[PDB]
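The data below hold one chain only, encoded as structure tokens and taken in the form solved without Ceftriaxone (9F2).
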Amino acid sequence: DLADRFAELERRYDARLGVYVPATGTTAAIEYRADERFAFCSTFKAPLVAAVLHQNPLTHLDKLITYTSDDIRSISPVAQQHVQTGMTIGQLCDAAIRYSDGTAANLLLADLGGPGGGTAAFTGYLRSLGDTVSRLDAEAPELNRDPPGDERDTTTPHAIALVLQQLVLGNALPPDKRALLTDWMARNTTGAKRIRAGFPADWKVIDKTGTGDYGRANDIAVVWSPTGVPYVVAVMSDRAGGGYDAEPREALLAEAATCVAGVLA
């Protein structure tokens, strides 16, 4: 009947909803449109930091990156205030996750290198994690603005959840790099009204949000129960029928998360 409740949320919010919660040692998977494609939007910035971590020693986090005001092409709460001084890779990782900083993400893509400003390299990192479906094609902000029919810049709830599972809970990263990613997600500033809002206060929530055109609103999270049992929760939504300027609905994500919390508690 949980599928019926998700379908009701879709009707109430005039939206398309995708959910994946991987199975665990003691719980079944939750899946709703889990193999349909949704735009990443800024959700890709969490695996992007993982990519950078993966291919460099941690001393690289101290590498100073310089850039100009002309590089501020997307919403960049941190980067736009440090044009004169530049930012370290570590600082860029922090900003990309906790403030969804677009310039920071673009500079991290460039740090991977190669064609498409690092977008091919990012896609390659997902392939290395066994993700045969996801792809990044554009930089910020263009990656948020593809038409609904376009497969560019898309993932699926199933794909991104299994990536995050490996990153935070698995051994895709060594413990030191894993702890950095986890902490940045744990101190995210953008996600209070999404998955966090759907779980009780005694659950811990770490997350990365995404928002875009056609009413896109996403959140990917790892949650810990009050006794410290972890789960991955991916929730994705759009309103392709509501125009490119359809309002994204944080409340839809919060309610979907409430329904998930009910299953997992």
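In case it trips you up, residue 1 is the first one in the sequence shown, and so on.
The form solved in complex with Ceftriaxone (9F2) is left out here; the points below concern that form.
**Student:** Check each of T154, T123, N144, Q165 and return the one that places a heavy atom within 4.5 angstroms of Ceftriaxone (9F2) in the deposited bound form.
**Tutor:** Exactly one listed residue reaches within 4.5 Å, namely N144.
**Student:** Answer with yes or no whether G198 is in contact with Ceftriaxone (9F2) in the deposited bound form, where contact means some heavy atom within 4.5 Å.
**Tutor:** Residue-level check for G198: no, no contact with Ceftriaxone (9F2).
**Student:** Within a 4.5 Å heavy atom cut-off, is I206 in contact with Ceftriaxone (9F2) in the deposited bound form?
**Tutor:** It does not: once Ceftriaxone (9F2) is placed as it appears in the deposited bound form, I206 has no heavy atom within 4.5 Å of it.
**Student:** May I ask you to state whether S100 is within 4.5 Å of Ceftriaxone (9F2) in the deposited bound form, using heavy atom distances?
**Tutor:** Within the cut-off, so yes.
**Student:** Could you confirm whether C41 comes within 4.5 Å of Ceftriaxone (9F2) in the deposited bound form, counting heavy atoms only?
**Tutor:** Close contact exists here: in the deposited bound form, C41 approaches Ceftriaxone (9F2) to within 4.5 Å, heavy atoms only.
**Student:** Please pick out the stretch from 28 to 36, 225 to 233, 206 to 214, 59 to 67 that is in contact with Ceftriaxone (9F2) in the deposited bound form, where contact means heavy atoms within 4.5 Å.
**Tutor:** Heavy atoms within 4.5 Å of Ceftriaxone (9F2) in the deposited bound form occur in 206 to 214.
**Student:** Scan 163 to 188 and write down, in order along the chain, each residue with a heavy atom lying within 4.5 Å of Ceftriaxone (9F2) in the deposited bound form.
**Tutor:** Contacting residues: none.
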